[PDB]
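Have a look at start12.csv; it's CSV, C-alpha atoms and all ligand atoms:
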```
chain,number,residue,atom,x,y,z
A,3,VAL,CA,0.9,12.9,17.4
A,4,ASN,CA,1.0,9.3,16.2
A,5,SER,CA,3.4,6.4,16.7
A,6,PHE,CA,5.3,6.3,13.3
A,7,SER,CA,9.0,6.8,13.8
A,8,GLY,CA,12.0,7.5,11.5
A,9,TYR,CA,10.0,8.8,8.7
A,10,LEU,CA,11.2,11.5,6.3
A,11,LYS,CA,8.5,14.2,5.7
A,12,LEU,CA,8.0,14.8,1.8
A,13,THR,CA,4.9,17.0,2.0
A,14,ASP,CA,2.3,18.2,4.5
A,15,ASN,CA,0.7,14.8,4.5
A,16,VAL,CA,3.2,12.2,2.9
A,17,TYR,CA,6.0,10.6,4.8
A,18,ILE,CA,8.4,7.9,3.8
A,19,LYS,CA,10.8,5.3,5.4
A,20,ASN,CA,13.0,2.5,4.3
A,21,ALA,CA,11.2,-0.3,6.1
A,22,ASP,CA,9.6,-3.7,5.8
A,23,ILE,CA,5.9,-3.0,5.9
A,24,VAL,CA,5.3,-6.3,7.7
A,25,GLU,CA,7.7,-5.4,10.5
A,26,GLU,CA,6.6,-1.8,10.3
A,27,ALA,CA,3.0,-3.0,10.7
A,28,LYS,CA,3.7,-5.5,13.6
A,29,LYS,CA,5.4,-2.8,15.7
A,30,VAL,CA,3.1,0.1,14.9
A,31,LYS,CA,-0.3,-1.8,14.9
A,32,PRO,CA,-1.6,1.0,12.7
A,33,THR,CA,-5.3,1.5,12.2
A,34,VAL,CA,-4.9,0.8,8.5
A,35,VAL,CA,-2.2,-1.0,6.5
A,36,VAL,CA,-2.6,-1.0,2.8
A,37,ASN,CA,-2.2,-4.2,0.8
A,38,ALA,CA,-0.9,-4.2,-2.8
A,39,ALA,CA,-3.8,-6.5,-3.8
A,40,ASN,CA,-5.0,-7.9,-7.1
A,41,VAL,CA,-8.6,-8.1,-8.2
A,42,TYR,CA,-8.9,-11.8,-7.0
A,43,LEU,CA,-7.2,-11.1,-3.6
A,44,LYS,CA,-4.8,-13.9,-4.3
A,45,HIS,CA,-1.9,-12.9,-2.0
A,46,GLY,CA,0.9,-14.9,-3.6
A,47,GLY,CA,3.9,-12.6,-3.7
A,48,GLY,CA,5.2,-9.1,-3.4
A,49,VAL,CA,3.8,-7.1,-0.5
A,50,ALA,CA,0.6,-9.1,-0.5
A,51,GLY,CA,2.4,-12.5,-0.2
A,52,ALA,CA,4.5,-11.0,2.7
A,53,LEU,CA,1.5,-9.6,4.5
A,54,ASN,CA,-0.4,-12.7,4.0
A,55,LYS,CA,2.5,-14.9,5.2
A,56,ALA,CA,2.8,-12.8,8.3
A,57,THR,CA,-0.9,-13.5,9.1
A,58,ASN,CA,-0.3,-17.3,8.9
A,59,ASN,CA,-2.6,-17.3,5.8
A,60,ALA,CA,-5.5,-15.9,7.7
A,61,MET,CA,-5.6,-12.9,5.3
A,62,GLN,CA,-6.0,-15.4,2.4
A,63,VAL,CA,-8.8,-17.3,4.1
A,64,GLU,CA,-10.7,-14.2,4.8
A,65,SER,CA,-10.1,-12.9,1.3
A,66,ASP,CA,-11.4,-16.1,-0.4
A,67,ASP,CA,-14.6,-15.8,1.5
A,68,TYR,CA,-14.9,-12.1,0.5
A,69,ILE,CA,-14.4,-13.0,-3.2
A,70,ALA,CA,-16.8,-16.0,-3.0
A,71,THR,CA,-19.5,-13.5,-1.7
A,72,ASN,CA,-18.7,-10.4,-3.7
A,73,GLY,CA,-16.7,-11.3,-6.8
A,74,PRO,CA,-13.5,-9.6,-7.9
A,75,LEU,CA,-12.5,-6.1,-7.2
A,76,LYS,CA,-12.1,-3.5,-10.0
A,77,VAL,CA,-8.6,-2.4,-11.0
A,78,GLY,CA,-8.4,1.0,-9.2
A,79,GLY,CA,-10.7,-0.3,-6.5
A,80,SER,CA,-10.4,-1.5,-2.9
A,81,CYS,CA,-12.0,-3.3,0.0
A,82,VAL,CA,-11.6,-3.0,3.8
A,83,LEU,CA,-10.9,-6.3,5.5
A,84,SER,CA,-9.4,-7.3,8.8
A,85,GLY,CA,-5.8,-6.4,9.6
A,86,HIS,CA,-5.3,-9.6,11.6
A,87,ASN,CA,-2.1,-9.4,13.7
A,88,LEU,CA,-0.7,-6.5,11.6
A,89,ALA,CA,-3.2,-3.7,11.9
A,90,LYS,CA,-6.8,-3.0,12.9
A,91,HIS,CA,-7.9,-3.0,9.2
A,92,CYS,CA,-6.3,-3.9,5.9
A,93,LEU,CA,-7.2,-1.7,2.9
A,94,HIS,CA,-6.7,-4.0,-0.1
A,95,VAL,CA,-6.1,-1.6,-3.0
A,96,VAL,CA,-5.7,-2.8,-6.6
A,97,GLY,CA,-3.2,-0.7,-8.5
A,98,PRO,CA,-2.8,-1.4,-12.2
A,99,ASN,CA,-0.3,-4.2,-13.0
A,100,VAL,CA,1.9,-3.2,-15.9
A,101,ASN,CA,2.9,-6.8,-16.4
A,102,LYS,CA,-0.8,-7.5,-17.2
A,103,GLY,CA,-1.1,-4.4,-19.6
A,104,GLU,CA,-3.4,-2.4,-17.3
A,105,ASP,CA,-3.8,1.3,-17.8
A,106,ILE,CA,-1.4,3.3,-15.6
A,107,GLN,CA,-4.0,6.1,-15.4
A,108,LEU,CA,-5.9,3.9,-13.0
A,109,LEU,CA,-3.1,4.5,-10.5
A,110,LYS,CA,-4.7,7.8,-9.5
A,111,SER,CA,-8.0,6.1,-8.9
A,112,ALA,CA,-6.3,3.5,-6.8
A,113,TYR,CA,-4.7,6.1,-4.6
A,114,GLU,CA,-8.0,7.9,-4.2
A,115,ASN,CA,-9.1,5.0,-2.0
A,116,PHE,CA,-6.6,6.2,0.6
A,117,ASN,CA,-8.6,9.4,1.1
A,118,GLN,CA,-11.3,7.4,3.0
A,119,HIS,CA,-8.8,6.9,5.9
A,120,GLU,CA,-7.3,9.5,8.1
A,121,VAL,CA,-3.9,7.7,8.5
A,122,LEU,CA,-2.4,4.8,6.6
A,123,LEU,CA,0.7,2.7,6.4
A,124,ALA,CA,1.2,1.9,2.8
A,125,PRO,CA,3.4,0.6,0.1
A,126,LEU,CA,3.9,2.4,-3.2
A,127,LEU,CA,1.0,1.2,-5.4
A,128,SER,CA,1.8,-0.5,-8.7
A,129,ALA,CA,5.5,-0.7,-7.8
A,130,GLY,CA,7.6,-3.9,-7.4
A,131,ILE,CA,6.1,-6.8,-9.3
A,132,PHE,CA,3.2,-4.7,-10.6
A,133,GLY,CA,5.7,-3.2,-13.0
A,134,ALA,CA,5.2,0.6,-12.8
A,135,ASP,CA,7.9,3.1,-12.1
A,136,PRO,CA,8.0,3.8,-8.3
A,137,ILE,CA,9.1,7.4,-8.8
A,138,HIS,CA,5.9,7.9,-10.8
A,139,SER,CA,3.9,6.1,-8.1
A,140,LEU,CA,5.2,8.4,-5.4
A,141,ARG,CA,4.3,11.4,-7.5
A,142,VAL,CA,0.7,10.3,-8.1
A,143,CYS,CA,0.6,9.5,-4.4
A,144,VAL,CA,1.6,13.0,-3.4
A,145,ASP,CA,-0.7,14.6,-5.9
A,146,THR,CA,-3.7,12.4,-5.0
A,147,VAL,CA,-3.7,11.5,-1.3
A,148,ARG,CA,-4.8,14.2,1.1
A,149,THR,CA,-4.9,12.1,4.2
A,150,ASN,CA,-1.8,11.2,6.2
A,151,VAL,CA,0.2,8.4,4.5
A,152,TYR,CA,3.3,6.7,5.8
A,153,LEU,CA,5.1,5.0,2.9
A,154,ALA,CA,7.3,2.0,3.6
A,155,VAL,CA,9.8,1.2,0.9
A,156,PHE,CA,11.5,-2.2,1.4
A,157,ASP,CA,14.5,-1.7,-0.8
A,158,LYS,CA,17.1,0.7,0.6
A,159,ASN,CA,18.5,1.5,-2.9
A,160,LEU,CA,15.1,2.6,-4.4
A,161,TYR,CA,14.3,4.6,-1.3
A,162,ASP,CA,17.5,6.6,-1.7
A,163,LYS,CA,16.5,7.1,-5.2
A,164,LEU,CA,13.0,8.2,-4.5
A,165,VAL,CA,14.1,10.8,-2.0
A,166,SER,CA,17.0,12.2,-4.1
A,167,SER,CA,14.8,12.6,-7.1
A,168,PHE,CA,11.7,14.0,-5.3
A,169,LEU,CA,10.5,17.4,-6.5
B,201,LIG,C1,1.7,-5.6,-7.1
B,201,LIG,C2,2.3,-4.3,-6.6
B,201,LIG,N1,2.0,-3.1,-7.1
B,201,LIG,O1,2.8,-2.3,-6.4
B,201,LIG,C3,3.6,-2.9,-5.6
B,201,LIG,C4,4.7,-2.3,-4.7
B,201,LIG,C5,5.5,-3.4,-4.0
B,201,LIG,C6,6.4,-4.1,-4.8
B,201,LIG,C7,7.3,-5.0,-4.2
B,201,LIG,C8,7.8,-4.5,-2.9
B,201,LIG,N2,6.7,-4.0,-1.9
B,201,LIG,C9,7.0,-3.8,-0.5
B,201,LIG,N3,6.8,-2.6,0.0
B,201,LIG,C10,7.0,-2.4,1.3
B,201,LIG,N4,7.4,-3.3,2.1
B,201,LIG,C11,7.6,-4.6,1.6
B,201,LIG,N5,8.0,-5.7,2.2
B,201,LIG,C12,8.0,-6.7,1.4
B,201,LIG,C13,8.4,-8.1,1.6
B,201,LIG,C14,8.4,-9.0,0.5
B,201,LIG,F1,8.7,-10.3,0.7
B,201,LIG,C15,8.0,-8.5,-0.8
B,201,LIG,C16,7.7,-7.2,-1.0
B,201,LIG,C17,7.7,-6.3,0.1
B,201,LIG,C18,7.4,-4.9,0.3
B,201,LIG,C19,6.0,-2.9,-2.7
B,201,LIG,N6,3.3,-4.2,-5.7
```
Encoded form (structure tokens):
Amino acid sequence: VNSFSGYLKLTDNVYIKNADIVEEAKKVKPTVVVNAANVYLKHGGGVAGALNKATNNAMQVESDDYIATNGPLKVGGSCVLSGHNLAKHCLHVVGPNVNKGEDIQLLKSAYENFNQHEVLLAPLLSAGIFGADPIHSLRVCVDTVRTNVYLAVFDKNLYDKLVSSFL
């Protein structure tokens, strides 16, 4: 038993809720919150800009030091950094950005990073401003992640759509 509430169960291990991941994170304090990161960890908008804003820019400061030391992430890759006031840890995962022409097949590789963590609060990777179809993202998620994932979907309309179309 864990502290996530109001989730609909899609599979043995995947759950989903219409929620703001920032507010979901500040209430739950999960062990891991996933950020929808880019390879530069520049948290300007979308989920990343919202998570970063909620940390009062501390996420960005930490991220800039990470990049200065290690260089950019790979598309499909990830790093574990602090969760600041939102979670114990933040798993920054780089899904492909369709609006940059990145290969959607890398979406499976991106979701594989979730398997290194027993429980995660996460957004749908490559959705929103990353330009992929969220219904496809949820499918890859279900078919790739084996650990327990709690998906927060900010938009009530898309959420209804993801549930109603789920196979
Ligand atoms: C790059 C990239 N690749 O995929 C994705 C998926 C995103 C897209 C935009 C919606 N995102 C969220 N998801 C859950 N909660 C949220 N609160 C938010 C608050 C905001 F001000 C903006 C966004 C979210 C949000 C998911 N972005």
Quick one: pull the distance between CA of residue 58 in chain A and CA of residue 150 in chain A, Å, one decimal.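 Computed distance, CA of residue 58 in chain A to CA of residue 150 in chain A, equals 28.7 Å.
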Residues within 6 Å of ligand LIG 201 (chain B), counting all atoms listed in the file: report them as a PDB file with C-alpha atoms, in the frame of the given file.
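Saved the output as selection-v6.pdb:
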```pdb
ATOM      1  CA  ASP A  22       9.600  -3.700   5.800  1.00  0.00           C
ATOM      2  CA  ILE A  23       5.900  -3.000   5.900  1.00  0.00           C
ATOM      3  CA  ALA A  38      -0.900  -4.200  -2.800  1.00  0.00           C
ATOM      4  CA  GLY A  48       5.200  -9.100  -3.400  1.00  0.00           C
ATOM      5  CA  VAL A  49       3.800  -7.100  -0.500  1.00  0.00           C
ATOM      6  CA  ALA A  52       4.500 -11.000   2.700  1.00  0.00           C
ATOM      7  CA  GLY A  97      -3.200  -0.700  -8.500  1.00  0.00           C
ATOM      8  CA  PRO A 125       3.400   0.600   0.100  1.00  0.00           C
ATOM      9  CA  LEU A 126       3.900   2.400  -3.200  1.00  0.00           C
ATOM     10  CA  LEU A 127       1.000   1.200  -5.400  1.00  0.00           C
ATOM     11  CA  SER A 128       1.800  -0.500  -8.700  1.00  0.00           C
ATOM     12  CA  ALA A 129       5.500  -0.700  -7.800  1.00  0.00           C
ATOM     13  CA  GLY A 130       7.600  -3.900  -7.400  1.00  0.00           C
ATOM     14  CA  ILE A 131       6.100  -6.800  -9.300  1.00  0.00           C
ATOM     15  CA  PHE A 132       3.200  -4.700 -10.600  1.00  0.00           C
ATOM     16  CA  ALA A 154       7.300   2.000   3.600  1.00  0.00           C
ATOM     17  CA  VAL A 155       9.800   1.200   0.900  1.00  0.00           C
ATOM     18  CA  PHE A 156      11.500  -2.200   1.400  1.00  0.00           C
TER      19      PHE A 156
END
```
Neighbour list for residue 13 in chain A as a compact mmCIF listing (two decimals) with C-alpha atoms, keeping the file's coordinate frame, cut-off 10 Å, only C-alpha atoms, skip fewer than 5 positions in-chain:
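The result, stored in selection_39.txt:
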```txt
# COMPACT_ATOMS: atom_id res chain seq x y z
CA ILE A 18 8.40 7.90 3.80
CA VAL A 144 1.60 13.00 -3.40
CA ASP A 145 -0.70 14.60 -5.90
CA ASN A 150 -1.80 11.20 6.20
```
Find the spatial neighbours of residue 10 in chain A, counting all atoms listed in the file, within a cut-off of 12 Å - ignore same-chain residues fewer than 5 positions away - and output them as an mmCIF file with C-alpha atoms, keeping the file's coordinate frame.
```
data_model
loop_
_atom_site.group_PDB
_atom_site.id
_atom_site.type_symbol
_atom_site.label_atom_id
_atom_site.label_comp_id
_atom_site.auth_asym_id
_atom_site.auth_seq_id
_atom_site.Cartn_x
_atom_site.Cartn_y
_atom_site.Cartn_z
ATOM 1 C CA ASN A 15 0.700 14.800 4.500
ATOM 2 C CA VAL A 16 3.200 12.200 2.900
ATOM 3 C CA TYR A 17 6.000 10.600 4.800
ATOM 4 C CA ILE A 18 8.400 7.900 3.800
ATOM 5 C CA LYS A 19 10.800 5.300 5.400
ATOM 6 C CA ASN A 20 13.000 2.500 4.300
ATOM 7 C CA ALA A 21 11.200 -0.300 6.100
ATOM 8 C CA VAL A 151 0.200 8.400 4.500
ATOM 9 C CA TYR A 152 3.300 6.700 5.800
ATOM 10 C CA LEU A 153 5.100 5.000 2.900
ATOM 11 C CA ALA A 154 7.300 2.000 3.600
ATOM 12 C CA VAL A 155 9.800 1.200 0.900
ATOM 13 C CA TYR A 161 14.300 4.600 -1.300
ATOM 14 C CA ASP A 162 17.500 6.600 -1.700
ATOM 15 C CA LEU A 164 13.000 8.200 -4.500
ATOM 16 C CA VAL A 165 14.100 10.800 -2.000
ATOM 17 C CA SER A 166 17.000 12.200 -4.100
ATOM 18 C CA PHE A 168 11.700 14.000 -5.300
#
```
Under the rule that only C-alpha atoms are counted, which of A:37, A:139, A:84, A:57 is the nearest residue to residue 96 in chain A?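 Closest to residue 96 in chain A of all the choices is A:37.
The space between CA of residue 82 in chain A and CA of residue 107 in chain A spans 22.6 Å.
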Residues at most 7 Å from residue 74 in chain A, counting all atoms listed in the file, excluding those fewer than 2 positions away in the same chain, as a ChimeraX atom specification? /A:41-42,69,72,76
With C-alpha atoms retained, could you export that selection as a PDB file, in the frame of the given file?
```
ATOM      1  CA  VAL A  41      -8.600  -8.100  -8.200  1.00  0.00           C
ATOM      2  CA  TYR A  42      -8.900 -11.800  -7.000  1.00  0.00           C
ATOM      3  CA  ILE A  69     -14.400 -13.000  -3.200  1.00  0.00           C
ATOM      4  CA  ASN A  72     -18.700 -10.400  -3.700  1.00  0.00           C
ATOM      5  CA  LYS A  76     -12.100  -3.500 -10.000  1.00  0.00           C
TER       6      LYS A  76
END
```
Find the residue from A:142, A:3, A:53, A:35 that sits nearest to residue 111 in chain A; use all atoms listed in the file when measuring.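 Between A:142, A:3, A:53, A:35, the residue approaching residue 111 in chain A most closely is A:142.
One finds CA of residue 93 in chain A at 12.2 Å from CA of residue 75 in chain A.
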Can you tell me which residues surround residue 39 in chain A at a distance of at most 8 Å, considering all atoms listed in the file, apart from same-chain residues fewer than 5 positions away, and format the answer as a compact mmCIF listing (two decimals) with C-alpha atoms, in the frame of the given file?
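Resulting contents of part-v5.txt:
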```txt
# COMPACT_ATOMS: atom_id res chain seq x y z
CA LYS A 44 -4.80 -13.90 -4.30
CA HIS A 45 -1.90 -12.90 -2.00
CA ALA A 50 0.60 -9.10 -0.50
CA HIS A 94 -6.70 -4.00 -0.10
CA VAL A 95 -6.10 -1.60 -3.00
CA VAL A 96 -5.70 -2.80 -6.60
CA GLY A 97 -3.20 -0.70 -8.50
```
Distance query residue 28 in chain A at most 8 Å, all atoms listed in the file, self and fewer than 4 positions along chain excluded, as a list in words: residues 24, 87, 88 and 89 of chain A
For residue 112 in chain A, which of A:158, A:40, A:137, A:86 is the closest residue, counting all atoms listed in the file?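 Closest candidate: A:40.
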Using only C-alpha atoms, collect all residues at a distance of at most 7 Å from (6.2, 1.2, 13.2) as written in the file, then present them as an mmCIF file with C-alpha atoms, in the frame of the given file.
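Output file point-v2.cif is given in full below:
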```
data_model
loop_
_atom_site.group_PDB
_atom_site.id
_atom_site.type_symbol
_atom_site.label_atom_id
_atom_site.label_comp_id
_atom_site.auth_asym_id
_atom_site.auth_seq_id
_atom_site.Cartn_x
_atom_site.Cartn_y
_atom_site.Cartn_z
ATOM 1 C CA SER A 5 3.400 6.400 16.700
ATOM 2 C CA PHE A 6 5.300 6.300 13.300
ATOM 3 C CA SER A 7 9.000 6.800 13.800
ATOM 4 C CA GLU A 26 6.600 -1.800 10.300
ATOM 5 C CA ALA A 27 3.000 -3.000 10.700
ATOM 6 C CA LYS A 29 5.400 -2.800 15.700
ATOM 7 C CA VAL A 30 3.100 0.100 14.900
#
```
Given all atoms listed in the file as the counted atoms, nearest of A:106, A:100, A:92, A:12 to residue 133 in chain A: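 Distance minimum relative to residue 133 in chain A lands on A:100.
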Have a look at A:140, A:134, A:61, A:169 and name the one nearest to residue 98 in chain A; count only C-alpha atoms.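 Ranked by minimum distance to residue 98 in chain A, first place goes to A:134.
Across A:163, A:135, A:79, A:113, the tightest approach to residue 147 in chain A is made by A:113 when counting all atoms listed in the file.
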Select range 37-125 of chain A in the preceding structure and write C-alpha atoms to a file as a tab-separated table (two decimals), in the first residue's frame.
```
chain	number	residue	atom	x	y	z
A	37	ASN	CA	10.48	15.14	-15.38
A	38	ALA	CA	9.79	15.48	-19.10
A	39	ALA	CA	13.33	16.70	-19.72
A	40	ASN	CA	15.33	17.69	-22.77
A	41	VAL	CA	18.95	16.73	-23.35
A	42	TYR	CA	20.19	20.09	-22.04
A	43	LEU	CA	18.00	19.96	-18.91
A	44	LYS	CA	16.67	23.41	-19.81
A	45	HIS	CA	13.37	23.40	-17.94
A	46	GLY	CA	11.59	26.15	-19.81
A	47	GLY	CA	8.04	24.96	-20.35
A	48	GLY	CA	5.62	22.09	-20.30
A	49	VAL	CA	5.97	19.71	-17.39
A	50	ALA	CA	9.63	20.66	-16.91
A	51	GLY	CA	8.95	24.38	-16.69
A	52	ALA	CA	6.16	23.73	-14.18
A	53	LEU	CA	8.22	21.38	-11.99
A	54	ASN	CA	11.12	23.79	-12.12
A	55	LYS	CA	8.94	26.79	-11.25
A	56	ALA	CA	7.55	24.86	-8.27
A	57	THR	CA	11.15	24.41	-7.00
A	58	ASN	CA	11.79	28.18	-7.22
A	59	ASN	CA	14.38	27.45	-9.98
A	60	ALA	CA	16.46	25.16	-7.74
A	61	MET	CA	15.91	22.33	-10.22
A	62	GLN	CA	17.43	24.47	-12.99
A	63	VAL	CA	20.42	25.48	-10.86
A	64	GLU	CA	21.15	21.84	-10.02
A	65	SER	CA	20.62	20.84	-13.65
A	66	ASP	CA	23.04	23.45	-14.99
A	67	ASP	CA	25.75	22.10	-12.70
A	68	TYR	CA	24.96	18.55	-13.88
A	69	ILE	CA	25.32	19.54	-17.55
A	70	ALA	CA	28.49	21.54	-16.94
A	71	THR	CA	30.04	18.39	-15.42
A	72	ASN	CA	28.57	15.63	-17.61
A	73	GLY	CA	27.39	17.17	-20.87
A	74	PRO	CA	23.97	16.59	-22.41
A	75	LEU	CA	21.84	13.52	-21.97
A	76	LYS	CA	20.97	11.21	-24.86
A	77	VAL	CA	17.49	11.22	-26.38
A	78	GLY	CA	15.98	8.16	-24.70
A	79	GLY	CA	18.25	8.62	-21.66
A	80	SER	CA	17.86	9.87	-18.13
A	81	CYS	CA	19.56	11.05	-14.98
A	82	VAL	CA	18.58	11.03	-11.31
A	83	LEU	CA	18.78	14.37	-9.53
A	84	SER	CA	17.18	15.84	-6.43
A	85	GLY	CA	13.40	16.05	-6.15
A	86	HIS	CA	13.74	19.30	-4.16
A	87	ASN	CA	10.42	20.13	-2.45
A	88	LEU	CA	8.44	17.84	-4.77
A	89	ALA	CA	9.87	14.32	-4.26
A	90	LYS	CA	12.91	12.55	-2.89
A	91	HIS	CA	14.35	12.23	-6.41
A	92	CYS	CA	13.58	13.55	-9.86
A	93	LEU	CA	14.19	11.17	-12.75
A	94	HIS	CA	14.80	13.45	-15.74
A	95	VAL	CA	13.84	11.40	-18.80
A	96	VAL	CA	14.30	12.57	-22.40
A	97	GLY	CA	11.57	11.40	-24.65
A	98	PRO	CA	11.89	12.20	-28.35
A	99	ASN	CA	10.57	15.63	-29.31
A	100	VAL	CA	8.56	15.28	-32.52
A	101	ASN	CA	8.79	19.04	-33.02
A	102	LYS	CA	12.57	18.51	-33.37
A	103	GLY	CA	12.24	15.53	-35.73
A	104	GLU	CA	13.45	12.92	-33.24
A	105	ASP	CA	12.74	9.24	-33.83
A	106	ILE	CA	9.56	8.13	-32.05
A	107	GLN	CA	11.01	4.63	-31.60
A	108	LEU	CA	13.27	6.16	-28.94
A	109	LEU	CA	10.11	6.50	-26.84
A	110	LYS	CA	10.42	2.86	-25.74
A	111	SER	CA	14.03	3.44	-24.68
A	112	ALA	CA	12.89	6.49	-22.70
A	113	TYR	CA	10.25	4.48	-20.81
A	114	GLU	CA	12.79	1.72	-20.04
A	115	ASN	CA	14.43	4.15	-17.60
A	116	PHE	CA	11.33	3.83	-15.40
A	117	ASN	CA	12.15	0.15	-14.75
A	118	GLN	CA	15.08	1.17	-12.54
A	119	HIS	CA	12.59	2.52	-9.95
A	120	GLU	CA	10.00	0.49	-8.06
A	121	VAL	CA	7.36	3.27	-7.96
A	122	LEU	CA	7.13	6.55	-9.92
A	123	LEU	CA	4.85	9.52	-10.43
A	124	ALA	CA	5.17	10.44	-14.07
A	125	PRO	CA	3.79	12.34	-17.02
```
